[PDB]
Amino acid sequence: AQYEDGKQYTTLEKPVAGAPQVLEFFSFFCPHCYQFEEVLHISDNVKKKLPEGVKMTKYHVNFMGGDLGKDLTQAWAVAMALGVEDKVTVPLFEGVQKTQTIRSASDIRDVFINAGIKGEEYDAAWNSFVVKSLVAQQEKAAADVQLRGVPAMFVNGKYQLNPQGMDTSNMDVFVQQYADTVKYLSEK
């Protein structure tokens with residue numbers, strides 16, 4: 001068959017009830033995540049082929065970069081609470097992986113200041129209980145699927161994308177197959 005369990009996707013033996021419909025995990029320390037977002041633009045091309053009625057969720061993970069890793073997961077919660085994901089994602093990736101100017105929670109904050117978010121607003125978000133629960137959501141979701149690596153994408157708590165089983169000669173063609181797989185899986 002064209003789409004096969006064990007080749008373009010794997011089925012979770014231990015399904016997760018009530019999961020987001022499309023769920024993406026990444027880390028700003030994650031080199032392949034840097035590719036997915038900055039070069040391949042995976043999240044975007046997936047969104048563009050998702051049907052009627054399907055929202056996309058993206059969460060940060062703790063298990064890379066130690067202390068900064070956790071800080072970055074709290075910062076991503078802030079980004080989610082303020083709705084500024086599209087404004088900080090690129091400078092956060094580049095500050096961590098390209099220029100290496102992000103070395104502390106303070107440097108993370110700087111990226112949000114430069115992106116135009118008020119410090120007063122960032123600090124209140126950072127310290128608020130709504131962010132803490134948003135931090136907890138991110139962790140619970142990663143835990144539910146026993147997540148040990150990123151990037152990763154899950155569809156309806158059922159299926160995990162398996163990009164290893166896709167041609168990578170042309171980037172554009174990998175991206176669309178990936179996107180097409182997500183759409184297929186979604187219509188399942």
# chains A, B, ... in the order shown; residues from 1 in each chain; ligands from 1
>>> residues_around(residues="residue 107 of chain A", least_positions_apart="4", cutoff="10 Å", atoms="only C-alpha atoms", output="list in words")
residues 92, 95, 96, 101, 102, 103, 111, 112 and 113 of chain A
>>> write_last_selection(atoms="N, CA and C atoms", output="PDB file, in the first residue's frame")
ATOM      1  N   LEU A  92      14.770  33.144  18.460  1.00  0.00           N
ATOM      2  CA  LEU A  92      15.158  32.202  19.509  1.00  0.00           C
ATOM      3  C   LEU A  92      16.017  31.087  18.927  1.00  0.00           C
ATOM      4  N   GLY A  95      19.423  32.758  18.087  1.00  0.00           N
ATOM      5  CA  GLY A  95      20.158  33.101  19.289  1.00  0.00           C
ATOM      6  C   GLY A  95      20.748  31.871  19.969  1.00  0.00           C
ATOM      7  N   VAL A  96      19.998  30.772  20.014  1.00  0.00           N
ATOM      8  CA  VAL A  96      20.562  29.516  20.506  1.00  0.00           C
ATOM      9  C   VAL A  96      21.540  28.841  19.518  1.00  0.00           C
ATOM     10  N   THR A 101      23.993  33.574  21.286  1.00  0.00           N
ATOM     11  CA  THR A 101      23.936  34.705  22.183  1.00  0.00           C
ATOM     12  C   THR A 101      22.903  34.494  23.277  1.00  0.00           C
ATOM     13  N   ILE A 102      22.246  33.343  23.262  1.00  0.00           N
ATOM     14  CA  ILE A 102      21.319  33.021  24.339  1.00  0.00           C
ATOM     15  C   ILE A 102      21.934  32.045  25.312  1.00  0.00           C
ATOM     16  N   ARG A 103      22.251  32.540  26.494  1.00  0.00           N
ATOM     17  CA  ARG A 103      22.973  31.737  27.458  1.00  0.00           C
ATOM     18  C   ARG A 103      22.306  31.756  28.818  1.00  0.00           C
ATOM     19  N   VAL A 111      15.426  38.692  23.672  1.00  0.00           N
ATOM     20  CA  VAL A 111      14.806  38.389  22.385  1.00  0.00           C
ATOM     21  C   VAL A 111      13.341  38.860  22.338  1.00  0.00           C
ATOM     22  N   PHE A 112      12.621  38.711  23.446  1.00  0.00           N
ATOM     23  CA  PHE A 112      11.240  39.176  23.513  1.00  0.00           C
ATOM     24  C   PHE A 112      11.159  40.711  23.558  1.00  0.00           C
ATOM     25  N   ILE A 113      12.097  41.362  24.246  1.00  0.00           N
ATOM     26  CA  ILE A 113      12.139  42.829  24.243  1.00  0.00           C
ATOM     27  C   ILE A 113      12.368  43.328  22.805  1.00  0.00           C
TER      28      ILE A 113
END
>>> select_by_dssp(residues="chain A", states="helix (DSSP H, G or I)", output="number ranges by chain")
A: 31-39, 42-47, 66-82, 85-97, 105-114, 119-127, 129-144, 163-165, 171-186
>>> residues_around(residues="residue 18 of chain A", least_positions_apart="6", cutoff="12 Å", atoms="only C-alpha atoms", output="NGL selection string")
:A and (141 or 144 or 155-158)
>>> residues_around(residues="residue 60 of chain A", least_positions_apart="2", cutoff="6 Å", atoms="only C-alpha atoms", output="MDAnalysis selection string")
chainID A and resid 25:27 73
>>> write_last_selection(atoms="N, CA and C atoms", output="tab-separated table (two decimals), in the first residue's frame")
chain	number	residue	atom	x	y	z
A	25	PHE	N	6.41	18.59	18.57
A	25	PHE	CA	7.38	18.83	19.62
A	25	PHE	C	8.70	19.29	19.03
A	26	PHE	N	9.35	20.23	19.71
A	26	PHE	CA	10.64	20.68	19.27
A	26	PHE	C	11.45	21.22	20.43
A	27	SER	N	12.70	21.56	20.13
A	27	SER	CA	13.57	22.17	21.09
A	27	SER	C	14.41	23.19	20.34
A	73	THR	N	11.45	26.30	27.67
A	73	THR	CA	10.08	25.76	27.65
A	73	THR	C	9.14	26.73	28.36
>>> residues_around(residues="residue 7 of chain A", least_positions_apart="2", cutoff="9 Å", atoms="only C-alpha atoms", output="mmCIF file with C-alpha atoms, in the first residue's frame")
data_model
loop_
_atom_site.group_PDB
_atom_site.id
_atom_site.type_symbol
_atom_site.label_atom_id
_atom_site.label_comp_id
_atom_site.auth_asym_id
_atom_site.auth_seq_id
_atom_site.Cartn_x
_atom_site.Cartn_y
_atom_site.Cartn_z
ATOM 1 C CA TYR A 3 0.766 4.625 3.272
ATOM 2 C CA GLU A 4 1.999 1.828 5.580
ATOM 3 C CA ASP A 5 2.218 1.502 9.327
ATOM 4 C CA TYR A 9 4.138 6.644 10.367
ATOM 5 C CA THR A 10 4.047 4.431 13.405
ATOM 6 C CA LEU A 161 5.298 10.595 11.935
ATOM 7 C CA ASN A 162 8.262 8.571 10.721
ATOM 8 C CA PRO A 163 10.262 10.806 8.364
ATOM 9 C CA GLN A 164 13.162 8.290 8.313
ATOM 10 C CA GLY A 165 10.997 6.502 5.759
ATOM 11 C CA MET A 166 10.978 9.370 3.210
#
>>> closest_residue(among="A:86, A:49, A:59, A:33", to="residue 142 of chain A", atoms="only C-alpha atoms")
A:59
>>> closest_residue(among="A:40, A:179, A:108, A:54", to="residue 75 of chain A", atoms="only C-alpha atoms")
A:108
>>> residues_around(residues="residue 62 of chain A", least_positions_apart="5", cutoff="12 Å", atoms="only C-alpha atoms", output="list in words")
residues 25, 26, 27, 28, 29, 30, 67, 68, 69, 70, 71, 72, 73, 74, 75, 76, 135, 136, 138, 139, 140, 141, 142, 143, 147, 148, 149 and 150 of chain A
>>> write_last_selection(atoms="N, CA, C and O atoms", output="short mmCIF file (atom, residue, chain, number, x, y, z; two decimals), in the first residue's frame")
data_model
loop_
_atom_site.label_atom_id
_atom_site.label_comp_id
_atom_site.auth_asym_id
_atom_site.auth_seq_id
_atom_site.Cartn_x
_atom_site.Cartn_y
_atom_site.Cartn_z
N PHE A 25 6.41 18.59 18.57
CA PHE A 25 7.38 18.83 19.62
C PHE A 25 8.70 19.29 19.03
O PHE A 25 9.15 18.78 18.01
N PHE A 26 9.35 20.23 19.71
CA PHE A 26 10.64 20.68 19.27
C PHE A 26 11.45 21.22 20.43
O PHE A 26 10.93 21.39 21.54
N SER A 27 12.70 21.56 20.13
CA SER A 27 13.57 22.17 21.09
C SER A 27 14.41 23.19 20.34
O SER A 27 14.84 22.92 19.23
N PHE A 28 14.64 24.34 20.94
CA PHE A 28 15.48 25.34 20.32
C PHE A 28 16.96 24.92 20.28
O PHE A 28 17.76 25.54 19.59
N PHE A 29 17.31 23.87 21.02
CA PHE A 29 18.66 23.30 20.99
C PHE A 29 18.82 22.23 19.91
O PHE A 29 19.92 21.79 19.58
N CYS A 30 17.69 21.83 19.36
CA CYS A 30 17.60 20.72 18.44
C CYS A 30 17.94 21.13 16.99
O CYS A 30 17.15 21.80 16.32
N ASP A 67 19.28 23.35 32.07
CA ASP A 67 18.60 24.45 32.75
C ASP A 67 18.02 25.46 31.74
O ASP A 67 16.89 25.92 31.89
N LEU A 68 18.80 25.79 30.71
CA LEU A 68 18.33 26.68 29.65
C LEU A 68 17.16 26.07 28.89
O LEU A 68 16.23 26.76 28.51
N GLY A 69 17.23 24.76 28.68
CA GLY A 69 16.16 24.00 28.08
C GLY A 69 14.83 24.21 28.78
O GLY A 69 13.86 24.50 28.11
N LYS A 70 14.80 24.09 30.11
CA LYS A 70 13.58 24.36 30.86
C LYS A 70 13.16 25.81 30.73
O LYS A 70 11.98 26.09 30.50
N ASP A 71 14.12 26.74 30.87
CA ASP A 71 13.82 28.16 30.67
C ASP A 71 13.18 28.37 29.32
O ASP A 71 12.24 29.14 29.19
N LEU A 72 13.68 27.68 28.31
CA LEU A 72 13.15 27.92 27.00
C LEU A 72 11.74 27.35 26.92
O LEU A 72 10.92 27.89 26.23
N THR A 73 11.45 26.30 27.67
CA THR A 73 10.08 25.76 27.65
C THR A 73 9.14 26.73 28.36
O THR A 73 8.01 26.93 27.93
N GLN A 74 9.60 27.36 29.43
CA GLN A 74 8.76 28.39 30.06
C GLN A 74 8.57 29.62 29.15
O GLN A 74 7.48 30.19 29.08
N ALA A 75 9.63 30.03 28.45
CA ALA A 75 9.56 31.13 27.49
C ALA A 75 8.59 30.82 26.36
O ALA A 75 7.87 31.70 25.88
N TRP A 76 8.56 29.58 25.91
CA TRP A 76 7.63 29.20 24.85
C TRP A 76 6.17 29.28 25.34
O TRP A 76 5.28 29.70 24.59
N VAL A 135 3.11 25.55 30.90
CA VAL A 135 4.31 24.75 31.05
C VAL A 135 3.96 23.29 31.33
O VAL A 135 4.56 22.37 30.75
N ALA A 136 2.96 23.08 32.19
CA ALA A 136 2.56 21.73 32.59
C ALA A 136 1.91 20.97 31.45
O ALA A 136 2.14 19.77 31.31
N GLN A 138 2.60 21.29 28.30
CA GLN A 138 3.71 20.91 27.43
C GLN A 138 4.39 19.67 27.93
O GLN A 138 4.74 18.79 27.15
N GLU A 139 4.63 19.62 29.23
CA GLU A 139 5.25 18.46 29.84
C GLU A 139 4.35 17.21 29.81
O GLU A 139 4.82 16.10 29.51
N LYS A 140 3.06 17.39 30.12
CA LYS A 140 2.15 16.25 30.15
C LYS A 140 2.05 15.59 28.78
O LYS A 140 2.17 14.37 28.64
N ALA A 141 1.81 16.41 27.76
CA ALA A 141 1.78 15.93 26.39
C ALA A 141 3.07 15.16 26.01
O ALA A 141 3.00 14.06 25.47
N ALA A 142 4.24 15.71 26.29
CA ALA A 142 5.47 14.99 26.01
C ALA A 142 5.49 13.65 26.76
O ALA A 142 5.86 12.60 26.21
N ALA A 143 5.08 13.69 28.02
CA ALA A 143 5.05 12.48 28.83
C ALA A 143 4.07 11.45 28.30
O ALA A 143 4.40 10.27 28.22
N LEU A 147 7.92 10.76 25.11
CA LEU A 147 8.74 11.41 24.10
C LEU A 147 10.23 11.47 24.45
O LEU A 147 10.62 12.11 25.44
N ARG A 148 11.07 10.83 23.63
CA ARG A 148 12.52 10.81 23.88
C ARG A 148 13.33 11.49 22.77
O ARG A 148 14.56 11.59 22.88
N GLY A 149 12.68 11.98 21.72
CA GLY A 149 13.46 12.68 20.72
C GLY A 149 12.64 13.70 19.98
O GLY A 149 11.42 13.59 19.88
N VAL A 150 13.32 14.71 19.46
CA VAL A 150 12.68 15.71 18.63
C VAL A 150 13.51 15.98 17.39
O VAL A 150 14.73 15.77 17.39
#
>>> atom_distance(atom1="atom CA of residue 43 of chain A", atom2="atom CA of residue 137 of chain A")
19.6 Å
